[PDB]
Amino acid sequence: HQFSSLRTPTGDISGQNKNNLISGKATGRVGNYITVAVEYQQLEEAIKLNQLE
Amino acid sequence: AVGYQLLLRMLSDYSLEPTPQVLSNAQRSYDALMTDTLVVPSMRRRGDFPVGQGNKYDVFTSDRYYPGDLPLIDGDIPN
């Protein structure tokens, strides 16, 4: 919060108006999936795929 | 009372001197009128005067001491 001050010659603030209390917030949200997917046939892994790790 | 007072106040217009009987009657009427509208004030307590233990004072009430003339200055306007 932030405030502002008055200025009077004798401390009298009857006529003037006081400060308000406005509350604000910051909102965060979740994003999207980061997905990586691969696929291969059975025979590809049977013969071709070497050192898959 | 009113008539005698105004008569005494307007006699000088005709340059005539009032008689003692008229003065006495005016004084009597004025005294009666002043007696009618008479009030005698009563001196209330000072304000710091303690209230005796026999009155059974209590908290949440200002009965501990006699209520004087309240300042009637509260809030920001006093200062």
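Counting of residues restarts from 1 for each chain and follows the sequence as written, so the numbers need not equal those of the entry; residues with no coordinates are not shown. Chains carry letters from A onward and ligands carry numbers from 1 onward, assigned in written order. Note that these chains sit within a larger assembly, yet all values were taken from the shown part only. Side-chain descriptors were evaluated using all non-hydrogen atoms of the structure, hydrogens and water having been removed beforehand.

What the entry reports as its method is cryo-EM, with 3.71 Å given for the resolution.

A separate point is unusual backbone geometry. Among all residues save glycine, negative phi is the norm, and among peptide bonds the norm is trans. Residues and elements named next belong to chain B. Positive phi, close to 55°, is recorded for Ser15, a residue that is not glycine. Turning to its location among the elements, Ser15 is positioned in the loop between α1 (2-10) and α2 (20-36). In this structure, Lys56 takes a positive phi of about 55° despite not being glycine. Its location among the elements puts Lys56 in the segment after α2. Numbering of helices and strands starts at the N terminus; helices are DSSP runs of H or I of at least 4 residues and strands are runs of E of at least 2.

All right, on to the environment of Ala26(B) then. Residues and elements named next belong to chain B. Take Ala26: it is sitting in helix α2. Residue classification places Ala26 among the buried positions, given a relative accessible area of 3%. Spatially, the C-alpha atom of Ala26 lies 17 Å from that of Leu16, the residues being ten residues apart in sequence. The rule is simple: take the accessible area with a 1.4 Å probe, protein chains only, and divide by the maximum for that residue type; under 20% is buried, over 50% is exposed, in between is partly exposed.

All names here are of chain B. The term salt bridge refers to a pairing of a side-chain nitrogen on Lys or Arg with a carboxyl oxygen on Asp or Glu at a separation within 4 Å. Overall, the coordinates contain one salt bridge over all chains when judged by the stated rule. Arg46 is paired through a salt bridge with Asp48; the nearest N and O atoms lie 3.4 Å apart. The class for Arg46 is exposed, based on a relative accessible area of 70%. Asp48 gets classed as partly exposed once you look at its relative accessible area, which sits at 45%.

Take a nonpolar patch on the surface next. A cluster of nonpolar residues, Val2(B), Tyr4(B), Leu6(B), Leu7(B), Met10(B), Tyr14(B) and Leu16(B), forms a patch on the protein surface that exposes about 700 Å² of accessible area. Structurally, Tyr14(B) can be placed in the loop between α1 and α2. For patches, a residue must show more than 30% relative accessible area and have no salt bridge; joins then use 9 Å for like charges and 5 Å for nonpolar side chains, namely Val, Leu, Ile, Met, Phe, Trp and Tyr. For every accessible area listed, the method is Shrake-Rupley and the probe measures 1.4 Å; residues are considered covered only by the protein chains on display.

With that out of the way, let us pick up the environment of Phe3(A). All names here are of chain A. One can find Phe3 in the segment before α1 (42-48). Taking the C-alpha atoms as reference, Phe3 lies 8.8 Å from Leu21; in sequence the two are 18 residues apart. Leave out the neighbours within four places in its chain, and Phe3 touches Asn19 and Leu21. Only heavy atoms enter the contact rule, under which two residues are in contact if any of them lie within 4.5 Å.

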